[PDB]
Structure formats: structure tokens, C-alpha cells
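Taking it in order: structure first as C-alpha cells, then the write-up.
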Amino acid sequence: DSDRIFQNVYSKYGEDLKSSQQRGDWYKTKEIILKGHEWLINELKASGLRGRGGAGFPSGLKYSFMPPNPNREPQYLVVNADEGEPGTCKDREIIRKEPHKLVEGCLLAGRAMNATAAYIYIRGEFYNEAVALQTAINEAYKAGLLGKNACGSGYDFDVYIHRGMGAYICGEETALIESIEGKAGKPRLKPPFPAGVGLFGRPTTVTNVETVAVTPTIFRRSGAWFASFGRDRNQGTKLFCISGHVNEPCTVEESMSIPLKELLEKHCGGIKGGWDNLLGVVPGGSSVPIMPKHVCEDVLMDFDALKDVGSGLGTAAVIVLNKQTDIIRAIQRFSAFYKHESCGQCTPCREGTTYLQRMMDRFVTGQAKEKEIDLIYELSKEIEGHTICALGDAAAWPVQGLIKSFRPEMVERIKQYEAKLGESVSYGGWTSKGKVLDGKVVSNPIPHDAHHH
Amino acid sequence: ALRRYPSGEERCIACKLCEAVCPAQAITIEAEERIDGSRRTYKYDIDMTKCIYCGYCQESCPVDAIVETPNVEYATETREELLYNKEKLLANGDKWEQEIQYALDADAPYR
Amino acid sequence: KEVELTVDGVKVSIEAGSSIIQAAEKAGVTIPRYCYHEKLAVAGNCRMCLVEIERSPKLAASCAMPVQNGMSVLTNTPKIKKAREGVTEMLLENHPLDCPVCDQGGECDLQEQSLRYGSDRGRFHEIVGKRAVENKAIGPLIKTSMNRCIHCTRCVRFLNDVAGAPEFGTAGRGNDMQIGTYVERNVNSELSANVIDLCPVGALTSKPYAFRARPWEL
Amino acid sequence: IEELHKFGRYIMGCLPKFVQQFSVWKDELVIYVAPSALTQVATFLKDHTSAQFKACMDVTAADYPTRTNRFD
Amino acid sequence: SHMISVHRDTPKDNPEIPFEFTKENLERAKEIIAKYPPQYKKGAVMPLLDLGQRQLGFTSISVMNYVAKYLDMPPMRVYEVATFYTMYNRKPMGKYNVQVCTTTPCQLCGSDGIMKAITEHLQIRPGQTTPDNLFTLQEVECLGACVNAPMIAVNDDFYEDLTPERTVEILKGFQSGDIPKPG
Amino acid sequence: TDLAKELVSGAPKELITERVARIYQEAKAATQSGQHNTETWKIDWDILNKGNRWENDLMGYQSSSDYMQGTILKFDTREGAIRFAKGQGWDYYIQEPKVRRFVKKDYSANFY
Ligand SMILES: Cc1cc2nc3c(=O)[nH]c(=O)nc-3n(C[C@H](O)[C@H](O)[C@H](O)COP(=O)(O)O)c2cc1C
Ligand code: SF4
Ligand code: SF4
Ligand code: SF4
Ligand code: SF4
Ligand code: SF4
Ligand code: FES
Ligand code: FES
Ligand SMILES: [K+]
């Protein structure tokens with residue numbers, strides 16, 4: 001299945017403007033802009049495109065909520081160009097390898113949304129990509145593709161780059177707006193929505209890089225061709241970031257609904273150590289829970305097929321786990337990640353993530369009890385559904401995924417740990433001799449795993 | 001009696017729990033910041049003619065500062081001598097510390 | 001402009017755009033709250049006021065969710081009782097055992113609302129311990145014990161919006177976020193001491209009044 | 001609870017002229033009457049075969065200054 | 001990372017140390033403000049802090065106050081922004097910031113070995129600085145380069161698909177004075 | 001109502017000719033967000049200008065001669081409190097409770 005959306009995914013055609021035109025990036029730009037948002041919205045709706053940022057929401061439906069702009073009032077469009085999520089390597093390549101493809105998408109999407117400007121939010125660690133992207137933007141300004149006269153058309157449109165300074169929480173749309181406005185970058189409560197009140201108190205839309213970059217092709221190759229791929233309502237293609245316990249990691253541009261077993265075997269070699277050595281797979285990203293071996297044997301990459309099996313297709317970030325790995329330590333790393341990346345305004349995730357991190361540290365060593373497996377599971381329930389943003393939900397699924405399918409492996413650590421210590425451990429990691437003396441807890445193994453420093 | 005820590009520091013932090021629980025209102029407490037900044041009381045009175053020797057102050061104490069010794073032979077000629085101030089209660093704590101330690105080591109697990 | 005909503009089977013009518021927590025008070029229904037004050041800007045960082053909208057699969061914060069016509073609000077279902085106990089447990093996870101030595105003892109909203117809506121038992125037995133936060137010096141009027149703060153931003157909202165003193169804010173991220181002035185300075189405001197009343201916990205207390213009395217005596 | 005509800009209703013049916021209302025809490029039945037009806041209700045509850053309350057174990061009062069009639 | 005929410009006056013970092021953008025950075029800062037609406041010029045705090053950080057070396061308290069005065073904002077508002085993001089170094093730091101990812105995708109492919117090799121070469125534990133003020137080892141979260149999981153970062157440059165024997169060569173290059181090839 | 005029930009209550013005459021009672025509804029405490037205590041009407045007596053409190057020299061106790069200093073009656077309605085005060089022939093005055101003005105409060109107002 002050749003002739004995909006992205007063709008420079010391997011750095012073999014250049015990152016210049018002319019090659020992008022030779023690749024078809026800036027083609028019929030005047031005609032598309034003058035077709036009106038009525039046709040652009042319908043094509044996106046008819047193409048079955050869904051949000052690639054992780055939520056999986058119909059892109060066409062979320063663009064119509066923008067109010068009409070007859071008086072040329074300053075509406076805004078924001079491109080969620082930061083990655084943040086562990087195991088995700090999609091947005092970086094689009095910004096780096098094909099900087100001009102995204103810029104073309106912003107104007108075409110902006111025309112549908114009636115946006116007078118575009119702000120690109122890129123990570124501070126992606127300095128080289130931002131510089132390369134800025135070079136493409138400046139060339140497009142000189143070429144006339146950006147500004148008050150977009151290829152003769154009367155639609156005035158500007159593009160700007162805003163760089164974060166390192167925050168996984170800034171990937172969230174409401175927190176992203178706060179960072180641009182000059183605040184800390186804490187997510188807002190959903191009402192009022194960004195469509196009504198957003199950036200600078202103006203209508204705004206936040207979309208992933210992988211969603212904006214597909215828009216030019218949909219407006220050209222028709223929505224029918226894009227909707228042909230995948231199962232029902234999961235229509236489109238997807239970039240998959242594959243890494244972990246695999247032979248040769250890479251990034252591929254397969255279509256939706258492709259089986260997980262075939263995807264890891266068709267390319268990327270195979271599972272390191274054979275298929276019998278597979279312990280677990282974490283698709284989408286670190287947020288979604290893990291899946292065991294037998295479940296993954298018939299998993300189709302979809303927002304619904306992965307939803308049915310108890311997981312989620314957030315950012316197609318597939319993390320492979322062979323049997324020769326520390327599964328509990330891997331999940332413990334996710335818990336420590338969200339504790340450090342918690343913005344810390346709501347009570348649940350500010351305290352729950354720390355609570356989960358403390359309990360996961362004793363599980364990786366076995367200094368706990370079997371009943372505490374249900375305790376930590378209950379604590380994760382107290383986080384979900386009680387937060388302003390979705391980071392609290394994202395910090396509970398990895399722990400629950402460990403408990404759901406890998407509970408016996410967690411019990412094994414507790415049983416093994418009691419052999420070394422001899423006597424069983426009480427709740428919280430206390431022994432029968434542990435007591436506090438002169439400012440410290442003595443006569444008890446303390447889990448010194450709080451990054452020391 | 002009012003007890004001390006093994007370092008000699010008073011156990012009471014003038015938290016006024018015992019004064020609130022006291023069914024007979026036999027305890028009077030006045031407190032402020034100490035010279036060094038510690039939360040300590042400067043006035044701790046118990047009316048032994050008003051107390052019903054019920055143990056609520058001992059139960060409510062979060063630091064075991066106020067206790068009741070097994071002593072009963074302290075009948076006095078005058079009723080004034082039954083008005084204990086902080087000096088009398090602290091002296092009782094120093095005098096009866098060893099006997100209080102006997103009772104605590106055997107009754108603390110049941111509390 | 002009035003909207004006829006329902007709170008636990010009680011008809012309510014308030015101005016459009018009013019929060020659910022405002023309509024609940026008018027209906028006689030009490031909803032626990034820490035971060036909500038009827039004179040400060042709306043914040044939703046404490047999650048203690050969660051209620052269940054009739055037809056919605058998500059729990060809404062009653063202090064920030066606007067009222068609609070025909071909206072039916074439930075505030076005492078077992079789902080909400082679970083939320084109140086869960087949020088209370090998170091608040092008391094890192095809170096120091098300071099009630100005997102803390103001047104807010106007999107007039108603490110954290111104590112009373114944990115007693116009324118939280119569980120009777122705690123489950124925090126971790127050997128690593130609680131968070132420890134150093135005490136900030138902001139002058140001779142406001143005494144700070146920042147271990148007891150529950151990160152409710154009443155002080156930040158008041159001093160910036162009402163008092164007009166922008167030297168007080170939130171610095172840090174996550175569990176390491178600390179209320180204060182970051183640098184070593186004092187709060188300069190003729191109305192700064194009102195922060196003591198607004199602070200629901202013993203994090204901010206009167207320095208002249210420290211240790212001298214309990215509210216039930218007065 | 002159910003048996004006392006039926007017995008409490010039976011007393012009101014037998015004495016509609018005197019029994020203002022009745023209440024049941026767990027295993028305790030209370031009959032509410034006016035001062036002019038105290039003698040008749042007590043006489044009925046003492047001599048009726050179905051309700052032979054020969055013993056008056058306690059007579060007490062409570063003060064409610066809010067109401068027009070202070071004492072219950 | 002090393003997260004402290006309180007500033008303590010030091011001879012290296014105290015408000016008395018004068019700071020001001022050079023004539024080159026004075027002009028480039030004006031272009032940054034032009035990328036924001038005039039009534040929302042407070043949104044340029046983040047680029048201005050990084051502009052001062054690159055000029056001076058780290059986000060000192062003098063830089064934060066300078067940006068606050070430049071944009072007509074209370075100093076505490078700038079303090080909140082600088083202390084919320086981990087790339088604002090509120091300490092002198094070294095010439096080259098060594099950022100090693102320890103997240104699960106990077107941990108699977110042996111990121112632990114990368115940390116072990118560097119610690120016994122530079123003889124500084126994570127969060128420390130070499131005596132000559134040349135290096136700085138820092139433990140960092142995901143940087144996005146997880147397909148090439150054994151990845152490290154030096155200052156603004158990435159280094160992907162590493163081995164413990166390869167990481168020493170990169171350190172040797174910076175110690176000698178030669179820029180290793182990034183990729 | 002008009003009946004002078006103080007002639008049979010047995011209370012001393014000083015409660016009528018020398019003491020003033022206050023009928024009031026308790027104000028909401030500034031340190032707490034609860035309003036339970038403000039739902040009832042209460043009656044207390046004004047302090048004696050002399051002898052309300054004095055220090056006992058032996059132990060520092062708070063001595064007093066006001067026998068009504070610790071008496072606070074509870075009422076469910078304002079009318080009930082007035083009717084009882086009138087019935088006992090007390091010299092009283094009513095402190096009308098302060099009512100909080102209602103102002104709409106929404107999260108959108110934080111930006112608009
Ligand atoms: C904690 C957190 C981090 C997030 N990080 C990202 C991100 O890095 N890139 C992205 O596109 N969406 C991210 N999202 C989701 C966005 O809020 C939103 O769903 C997305 O940007 C909308 O773009 P879409 O229409 O393409 O789905 C994050 C959400 C949360 C709660
Ligand atoms: S859930 Fe956590 S990260 Fe999200 S807004 Fe609340 S405190 Fe911040
Ligand atoms: S034992 Fe005596 S002093 Fe203690 S609470 Fe009981 S009555 Fe009061
Ligand atoms: S209960 Fe104990 S600590 Fe509290 S005031 Fe009384 S003696 Fe002191
Ligand atoms: S703030 Fe409240 S809960 Fe915390 S120590 Fe003080 S009295 Fe106890
Ligand atoms: S110090 Fe007090 S008022 Fe300020 S956020 Fe903490 S609990 Fe709220
Ligand atoms: S009172 Fe609503 S979340 Fe705090
Ligand atoms: S997990 Fe290390 S760069 Fe993403
Ligand atoms: K307070």
C-alpha cells in the first residue's frame with residue numbers, strides 16, 4: 001500500500017519548499033481557499049477523520065462549533081505540536097522531515113475554522129525542529145503563501161511559533177492556551193469551552209499535528225479515498241510509533257484496523273526473542289493500560305476495537321514488552337512520570353499520583369502485602385472522574401492495567417521478598433522492629449526510590 | 001501529675017483538650033508563646049475539691065502529659081492545699097514518674 | 001432570566017449563569033467546599049463540591065458549573081458519597097498530625113468536613129512519610145505553617161483580586177508546589193490579615209493570637 | 001414498627017374525639033392528646049381489654065419556650 | 001528533576017546583580033512581542049526568559065525581575081512561570097546539560113546502562129556539576145526520541161541510538177573540545 | 001400574651017427592672033463556611049457594668065456575680081422568642097440579622 005499521505009518519512013527527498021511543491025504540498029492552493037468553509041467542513045465530515053491527539057474525536061464535527069466570522073474578528077487556531085507522551089514519535093518527524101506540509105494544512109484548516117492566525121506550540125526540547133519549522137514559515141511568507149494575500153485570495157492568515165519549556169500537561173488544550181497567554185499553563189475547567197472563549201478571550205481550536213497535516217490531502221484526494229481505509233467510523237490512515245523489545249524500531253504509515261500481530265511482523269522485524277517471548281503491549285501511549293499476550297493476538301488498531309479490549313488508541317505509540325523485562329518497574333516508571341508531570345492544581349492527581357508513586361515503589365521490591373493490591377486499585381478509582389483535566393485519568397489506567405492482567409506477577413514479588421526478610425511486612429512497608437529514632441526510621445528497609453538527588 | 005519527656009521538656013503543648021472534656025470543669029489553662037517560641041502553658045490549675053477523679057483528662061491528652069498517679073494518701077489540713085497549680089502538678093510528675101511508668105507500660109497497649 | 005432547576009427534588013430559581021453551589025444554598029441543600037468562597041473568583045482545584053448532573057456521565061464541580069433550565073441535580077447519591085470520601089482521603093494524605101498544636105483546631109473546616117463527609121479511618125501507612133514544607137516568612141502578622149495548606153488558592157485569589165497585592169502566588173509544579181512569595185519578603189497590604197480568616201486550615205494563622213486560646217472558650 | 005402503627009391507629013379510631021395524632025419510632029408508640037382529653041385517653045388505655053396499661057411508670061415534662069404552650 | 005519552589009539569595013544569584021539584554025537581544029526581543037496582540041503582551045514571558053537564559057547562562061532572579069519590569073508585570077507572575085517549567089535553570093549549571101531519559105520506552109533498550117557509564121566517568125551523580133563548570137548531569141523524562149530509545153541530550157542537541165561505549169566517546173569529545181556528530 | 005407570667009415564675013425582680021436581654025440570630029463566623037448556627041434565634045443577657053468578671057487573687061479564677069452570664073435560650077422562630085420575652089416581662093431589644101446580597105458567580109467571569 002504505497003502512495004500514503006507522508007512521503008518524506010525517511011529523509012530521502014529534502015526539507016525544502018520546492019520539493020514539497022514537487023511532492024504536491026502546495027497545489028491548487030488558491031482554489032481550495034475560495035471554496036468556502038461549507039465545502040471544507042463537509043469534506044472533513046465525509047472523510048471520517050478523527051482527532052489524532054489522543055482523544056479520538058471527529059475532526060469535522062469539532063470544527064463547525066467555531067462561530068462564523070463575517071467581520072474578520074481575530075479568531076485563532078492552535079496546532080498541538082508538542083509530543084510529551086512517552087513512546088510517541090509522530091509529531092517530531094512531521095515538523096522536521098516535512099515542515100511545509102503542516103504549514104499548508106494550517107491555512108486550509110484555518111479557512112474552514114475562519115481563523116485569522118495560527119499558533120504552533122512546539123516543545124522546548126525540539127529546538128532543531130522549531131528552527132527548521134520557522135525556516136519553512138519564513139519562506140512561505142516570502143513566497144506569499146502566508147499573510148494578508150494567501151495566493152491572491154482575500155483570506156488573511158498568519159502563522160506563529162510558540163515554544164514551551166517542558167511540560168507534559170501543556171499538551172492538554174486548555175493548559176496549552178494558558179501557556180501561550182503567559183500564565184503557568186494549568187488546564188481550565190471545561191465551561192466555557194475554547195470554541196466560545198479561548199486564546200485571548202477569542203474563539204479557538206486546538207488540533208494535533210497529525211490531524212492538521214492530513215487536511216490538504218483530504219481536500220484534494222476527496223474524502224471518499226481517505227474514508228476507504230479502516231473499518232466503519234474508524235476511517236483513515238495512521239502513523240504508528242513502534243519501539244521497545246522489537247528487532248528494528250521505526251515509524252510506519254499503515255492504515256487503521258491493521259492487526260497488531262501482523263503490524264509487528266510485517267515490518268519492524270518481529271518480537272525480540274520470538275512471539276512466545278512477548279509479555280505485553282502498550283498501544284496508544286503511556287496513558288492507556290497494558291494488554292496481555294493473548295489479547296494482542298487479534299487486536300485491530302482502532303479507536304473502538306482497542307476500546308473493546310480495555311485499552312485506547314491515543315497516539316499509536318506501541319510499546320513492546322518481551323518476557324525478559326521488569327513489568328512492574330515499567331509500570332512504576334509510568335506512575336513516577338505522571339507524578340512529575342502533574343500540574344498539581346486539583347486535589348486528586350496532586351495527591352493521588354504521589355500516593356500511587358509511593359505504593360508502586362514498594363511493589364517493585366515486594367515490601368508490601370497482597371491485600372494492598374486492592375488498596376492501590378481503589379486509590380486509582382478515587383482519581384478518575386474527579387479532576388479538571390484528563391491527566392488524573394491517565395495516571396490511573398497504567399496501574400489498573402498492571403493489576404487486571406498481571407496481578408499474579410505482582411504477588412510473586414511479595415512472596416519472594418518475604419523470603420529474604422524472613423518475617424512478613426506490614427502495611428506501608430513497616431516491619432516488626434522498625435521505629436523512628438532521632439529524626440529517621442531505623443531497623444527497617446526504607447524504599448529509597450524518590451530519585452534520590 | 002504533669003509529666004515530662006526524657007529530655008526534661010514538658011509534654012503538654014497547652015492544647016486545652018483536657019480542659020474541654022473535664023465534666024466538672026476543674027481544669028484552668030492559660031497559654032501563650034514561650035520565650036523561645038514553643039507552644040507552652042504558663043498557668044495550669046486543677047481544683048482537686050472539684051475534680052471527680054474520672055480520668056477524662058488522661059484519656060484526651062494527645063501526648064500523655066496529664067496523668068493520674070495511683071497515689072491516694074495526700075489528705076490536707078486546709079482546702080487551699082488542694083488547689084494545684086502548674087508547679088505542684090509538675091513536682092508531682094517528677095516525684096511519681098517511676099510509678100507512672102509502671103502503669104503506662106502495662107496499660108498503654110489496652111488504650 | 002430565572003431558570004427552574006431541581007436539587008434533590010427541590011425547585012430552585014436563580015439568575016442565569018449562577019453556579020450550582022449557589023442554587024443549592026438557596027434550596028437549603030448543603031454541599032461541602034474548600035476552594036469556593038462567595039467573594040472570590042471561581043476555582044475548581046479542590047474537587048470537594050462534586051455533584052451528579054441527572055443526564056450526564058461526568059461529575060460536575062458545583063462551584064463552577066453554570067445552571068441550566070430543566071437541570072436536575074443530585075447531591076447525596078452513593079456515587080457522590082464515594083467522591084467526598086475519596087477527596088477527603090487525598091487531602092489528609094500528606095496533612096500533618098498537628099491539630100493539638102494548631103490554632104485552627106476548634107474552628108477548622110478541614111476537621112469538620114472530614115468528620116461530616118469523610119471516612120472515620122485513614123489508610124496512609126507509608127514508611128516514606130508525608131510531604132514536608134518549610135515555613136515562609138511574610139511579616140509579623142501572618143504566621144505560616146505550610147505543611148497544613150491544602151492548596152486551595154483562597155489566599156492567592158484574595159490578595160491579587162480583592163486586596164490588590166500581587167506579591168503572593170503559587171510557585172512550583174505538582175506535589176512540590178508551594179504557596180508564598182518565592183523570594184524572602186513580606187506581604188504589603190492593609191487588608192492582608194483577612195487572609196487568616198479565608199485560610200480554612202492552620203497554614204495561615206494570626207501571629208499575635210498564636211497559642212493563646214481555643215475558639216470554644218471565647 | 002408495623003404492629004404499633006396498627007395499634008396506634010386502632011386507638012385513634014376508638015377515640016377520634018380525643019386523639020390528635022400518633023407517632024411510632026422503632027418500638028415506642030406515642031399518643032398526642034389535648035389537656036382536656038388526658039383523663040379519657042388514660043382511662044381508655046387503662047380499662048380496655050386490648051390495652052390494659054395498669055402501671056404508669058413515669059410522669060415527666062419538657063420545656064419548649066418557643067411554642068405557645070411551653071411544656072410537653 | 002530538582003524542583004525547589006523557594007529562592008535563597010546567593011552571591012551568584014541575588015537581585016542586586018544587574019542584568020540587561022544586550023543591544024543584539026534588545027532588538028530580537030521586540031520581534032517576539034510583535035508576535036502577540038498588544039493587549040496581551042504578557043504572553044511573551046516564556047520567550048523572554050529563555051532569551052535572557054541563553055544570554056546569561058541560567059534563569060537568575062535578576063533575569064526574572066528584568067522580564068517583569070520589561071513587560072510591566074508583577075515579579076511574582078514571572079516567578080510562577082519560571083518555576084513551573086523544568087527547562088528554566090534556576091542555578092548556574094554547566095556548559096553542557098546532559099539529559100538522560102529514564103522513561104519506560106527508553107528504559108527497555110538499556111537507558112540504565114547509559115546512566116551507569118556516565119556516572120563512573122564524570123564522577124558526578126545525577127543533579128551534580130563537574131568541578132570545572134563544564135558538565136551537568138540531569139535525569140529527564142521523555143524527550144520524544146523513543147523509537148531510538150537509547151537517546152541522550154546535550155544542551156540543545158539530541159543523540160540517538162547510543163551504547164555505553166558510545167556515550168563515553170561523546171563525553172570525551174566535549175571534554176577535548178570537539179563536537180560529536182549528532183544523530 | 002398579656003398575662004404577666006413573671007408574677008408566678010419565681011425569678012427575682014432584678015431580671016425585669018435591672019437586666020436587658022438581647023434577641024438575636026447568631027452571625028456566621030468569619031473563619032468557617034458553615035451556616036448551621038445561624039438557623040436559630042437565641043436570647044442572652046447584657047453583662048453587668050460592674051461585677052460581670054473579676055480576678056480571684058488566690059488562683060486567678062474568673063469570679064462573677066451575674067447568675068445569667070451562662071444562660072443562652074434557643075428558639076426556632078423570631079416570633080417565638082418575642083412571645084416568650086413578652087410573657088416573662090423582660091426588657092429586651094432585637095438585633096435584626098444581616099442578610100447576604102445575592103450576586104451571580106460563574107467560572108466564565110474569570111475572563112469576562
Ligand atoms: C495530560 C494531557 C496531555 C496531552 N498531550 C497532548 C499532545 O502532546 N499532543 C496532542 O495532539 N494532544 C494532547 N492531549 C490531548 C489534547 O488536549 C486534545 O485532545 C488534542 O490536542 C486535540 O487535538 P485533536 O483534534 O487532533 O484530537 C493531552 C491531553 C492531556 C490530558
Ligand atoms: S488533574 Fe492534575 S494535571 Fe490535570 S489540571 Fe488537575 S492537578 Fe493539573
Ligand atoms: S479526672 Fe478530674 S480533672 Fe480529669 S477530666 Fe475527670 S473530673 Fe476533670
Ligand atoms: S490534653 Fe494534655 S497536651 Fe492538651 S492541654 Fe491537657 S495536658 Fe496539655
Ligand atoms: S488545619 Fe485542621 S486538620 Fe490540619 S492540623 Fe490544624 S486543626 Fe488539624
Ligand atoms: S494557604 Fe490557606 S488559603 Fe492559601 S491556598 Fe493554602 S489552604 Fe488555601
Ligand atoms: S468548591 Fe468546587 S471544586 Fe472546590
Ligand atoms: S521515552 Fe525516552 S525520549 Fe520518549
Ligand atoms: K486560617
Side-chain angles (χ1 to χ4, degrees), chain C residues 1 14-23 25-26 28 30-44 48-49 60-67 103-104 106-113 116 152 154 157 161 193-194 196-202 204-206 209 215 217-218, chain F residues 22 24-48 52-56 59-64 66-80 95-112:
Chain C
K1 298 298 267 64
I14 19 77
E15 303 288 345
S18 301
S19 61
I20 299 183
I21 201 174
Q22 284 181 293
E25 294 187 14
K26 194 175 185 178
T30 293
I31 299 180
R33 82 290 302 268
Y34 288 96
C35 89
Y36 167 74
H37 200 273
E38 57 99 10
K39 296 298 184 181
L40 306 182
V42 174
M48 190 59 182
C49 76
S62 55
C63 64
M65 178 59 59
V67 68
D103 290 320
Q104 276 283 334
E107 51 182 358
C108 176
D109 268 335
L110 180 60
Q111 282 195 359
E112 292 167 325
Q113 289 181 114
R116 176 55 180 88
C152 96
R154 273 186 184 184
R157 282 178 286 164
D161 305 2
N194 297 271
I196 302 168
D197 289 323
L198 291 176
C199 190
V201 294
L204 304 166
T205 56
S206 177
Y209 181 73
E217 286 184 315
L218 310 182
Chain F
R22 162 173 283 197
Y24 68 101
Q25 199 169 36
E26 186 175 4
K28 183 182 179 180
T31 58
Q32 290 159 296
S33 55
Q35 301 179 4
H36 191 65
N37 60 334
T38 72
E39 304 167 351
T40 57
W41 283 81
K42 312 184 190 306
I43 293 185
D44 61 350
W45 282 258
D46 288 0
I47 64 179
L48 298 171
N52 171 258
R53 290 296 165 90
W54 72 86
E55 188 187 42
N56 172 257
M59 293 297 300
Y61 285 165
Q62 304 282 57
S63 301
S64 182
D66 187 6
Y67 42 79
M68 303 305 299
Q69 66 93 23
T71 305
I72 297 180
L73 282 75
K74 303 300 187 63
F75 292 85
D76 67 332
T77 58
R78 173 182 172 180
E79 297 82 342
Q95 181 191 16
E96 306 297 333
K98 303 299 182 178
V99 185
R100 178 179 300 170
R101 292 190 295 179
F102 174 80
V103 177
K104 332 176 302 92
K105 180 162 291 303
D106 56 333
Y107 185 80
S108 63
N110 288 14
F111 324 113
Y112 269 77

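So you know, we letter chains A, B, ... as the sequences are listed, proteins then strands, and number each from 1.
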Got a list of the donor-acceptor pairs under 3.5 angstrom between chain F and chain C?
from      : atom 1 : to        : atom 2 : distance (Å)
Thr31(F)  : OG1    : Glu107(C) : OE1    : 3.0
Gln32(F)  : NE2    : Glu112(C) : OE1    : 2.8
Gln32(F)  : NE2    : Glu112(C) : OE2    : 2.9
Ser33(F)  : N      : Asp109(C) : OD2    : 3.1
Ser33(F)  : OG     : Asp109(C) : OD2    : 3.3
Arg100(F) : NE     : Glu38(C)  : OE2    : 3.2
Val103(F) : O      : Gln22(C)  : NE2    : 2.6
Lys105(F) : N      : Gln22(C)  : OE1    : 2.9
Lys105(F) : O      : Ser19(C)  : N      : 3.2
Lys105(F) : NZ     : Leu40(C)  : O      : 2.9
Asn110(F) : OD1    : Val42(C)  : N      : 3.4
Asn110(F) : ND2    : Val42(C)  : O      : 2.6

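For the ring-ring contact (aromatic ring centres under 6.0 Å, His included) test, no residue two or more places apart in sequence or in another chain qualifies with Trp41(F). Scanning for side chain to side chain donor-acceptor pair (under 3.5 Å) contacts around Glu55(F) gives an empty result, with sequence neighbours left out.
Using a 4.5 Å cut-off between heavy atoms, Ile21(C) does not touch chain F at all. Using a 4.5 Å cut-off between heavy atoms, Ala16(C) contacts chain F through its backbone alone, with no side-chain atom that close. Heavy-atom distances place no part of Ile20(C) under 4.5 Å from chain F, backbone and side chain included. Both the backbone and the side chain of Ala30(F) come within contact range of chain C, each with at least one heavy atom under 4.5 Å from a heavy atom of that chain.
Comparing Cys63(C), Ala43(C), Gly17(C), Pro32(C) by heavy-atom pairs within less than 4.5 Å of chain F, the highest count is held by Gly17(C).
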For residues 73-80 of chain F, tabulate all N or O donor-acceptor pairs below 3.5 Å that involve a side-chain atom, not counting sequence neighbours.
from     : atom 1 : to       : atom 2 : distance (Å)
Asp76(F) : OD1    : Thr66(D) : OG1    : 3.4
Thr77(F) : OG1    : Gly80(F) : N      : 3.2
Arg78(F) : NH1    : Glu96(F) : OE1    : 2.6
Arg78(F) : NH1    : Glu96(F) : OE2    : 3.3
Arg78(F) : NH2    : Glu96(F) : OE2    : 2.7

